[PDB]
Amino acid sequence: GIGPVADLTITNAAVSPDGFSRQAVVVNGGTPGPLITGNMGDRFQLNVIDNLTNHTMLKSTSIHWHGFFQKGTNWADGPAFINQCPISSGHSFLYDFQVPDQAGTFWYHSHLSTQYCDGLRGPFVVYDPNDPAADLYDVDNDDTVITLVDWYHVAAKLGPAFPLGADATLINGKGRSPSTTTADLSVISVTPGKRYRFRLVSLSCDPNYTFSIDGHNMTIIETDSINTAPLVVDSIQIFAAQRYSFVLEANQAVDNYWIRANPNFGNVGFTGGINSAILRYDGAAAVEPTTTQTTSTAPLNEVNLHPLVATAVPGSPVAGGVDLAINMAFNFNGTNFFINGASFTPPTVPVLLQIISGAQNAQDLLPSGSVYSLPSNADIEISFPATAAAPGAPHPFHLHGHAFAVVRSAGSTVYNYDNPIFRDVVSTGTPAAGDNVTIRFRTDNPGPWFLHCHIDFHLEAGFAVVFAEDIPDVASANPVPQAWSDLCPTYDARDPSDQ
């Protein structure tokens, strides 16, 4: 892939991953952006060159590196109006951060409005030179990365506020729509007897996917960048922005096998080969598979996921047994989402800048009602009670700057204070199951961090909140480069359309 130091030139271009031509936001020439890679400990210097020209998809841009804690570099997190002002067309900005005690599968994508739905998204992998699970597989490179994308024929700002289905699922950049069943599919090669570490990443904007491979099992060894105890699975339900590394042994008869990624809504099923890709054993003919899907008897269940290494759940083994506990009461009034009676709306001055400029607490920070103060070095517990007042469930919630422990998973009434996995994106389940997904984390990273549903269309509608973590240490902990301090002046000078 493209080493720790690289340029990411953003432009507009007509594209047709599913056979349908449409203008989009492209990175270095392609929508599923280029795979970015590096090793644990590597310093990353990703220069984002904004050469966009299309206002309707927004000439401005900002990029978030999903999963990375960005400790000491809160200004490079990406969230527009949270940690920075957007980059302006004709300008470039350098994201320069280090990745220390982190290694696994991630991705990058615009964090400006719904722009990542229009194409600014790509996979990001950080290898571990001494990976604990290295002995469990033979191949792990550019070809074992699998990306899932919900592709729309209509641009994000031109279609419905809430699409309710993508025209086609893209696996590794390719796929078919009910109207383009002869479009080329992605092919993933495996050689007999070899074990592969496949890195499954959802770059989705709304759909969650039920992923499976005909005739093959899958051993999960990673969830959202956290090393996981090996778990043999039949199928994987992956929500927006989640990731899973699973080992697959090419131990079946040399042949072509269907790789399925069935979305929860939109064009479901596999008629005409949609929502599909191809697993091709060396020696197999270049033809479509004809293998049949069988019933899943070992579905992945988050509750069955455990950290590879013993990792203590912050706080105490009791409900609320924590320093600060917060419940997120979800709501919707039609066009907009709410969290604790507030509907997020981007402030003009980015929250990081507000704090650097003197912001002393939650009351000062804007927008009002969407910011929470978090004391440093403390245990936090948050609950997301599924309420039908919030349509669109299951809502995958995401926390920036930290990995959290899922003490209670969707579709379960258990509270695990001893063995829960840690991850950064979690499904908050749904209301007939009486779900009440609950997570915990320790405030070990000073700075303002976003917390929101990763269904971009819901984020755009205000389904978000901001955590102002340890406000006093914020400015000192996150020194900002000149280029960052210039972002806002150059962005605010732009005319509404001359974006």
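Residue numbers here begin at 1 and follow the sequence given.
* To do: Give the stretch, out of 351-359 and 304-312, with the larger mean C-alpha temperature factor in the deposited entry.
  => It is 351-359.
* Stretch with the greater mean C-alpha B-factor as recorded in the entry, comparing 235-243 against 368-376 -> According to the PDB entry, the answer is 368-376.
* Which of these, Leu35, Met40, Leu58, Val26, has its C-alpha atom at the highest B-factor, as the entry lists it? -> Of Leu35, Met40, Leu58, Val26, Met40 has the highest C-alpha B-factor.
* Asked: Out of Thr223, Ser383, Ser202, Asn172, which one has a C-alpha B factor higher than all the others in the entry?
  -> Of the candidates given, the C-alpha B-factor peaks at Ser383.
* Using the B-factors in the PDB entry, rank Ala432's C-alpha atom against the chain and give the third, lowest, middle or highest. => Ranked within chain, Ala432 CA B lands in the highest tercile.
* Relative C-alpha B-factor of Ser177, binned into the chain's lowest, middle or highest third -> Ranked within chain, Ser177 CA B lands in the middle tercile.
* How does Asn227 rank on Cα B-factor within its chain, lowest, middle or highest third? -> It belongs to the lowest third of the chain when residues are ordered by C-alpha B-factor.
* To do: Could you say whether, by C-alpha temperature factor, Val5 belongs to the lowest, middle or highest third of its chain?
  => As the PDB entry reports it, the C-alpha B-factor of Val5 lands in the middle third of its chain.
* Asked: Is the Cα B-factor recorded for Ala475 in the lowest, middle or highest third of its chain?
  -> According to the entry, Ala475 has a C-alpha B-factor in the chain's highest third.
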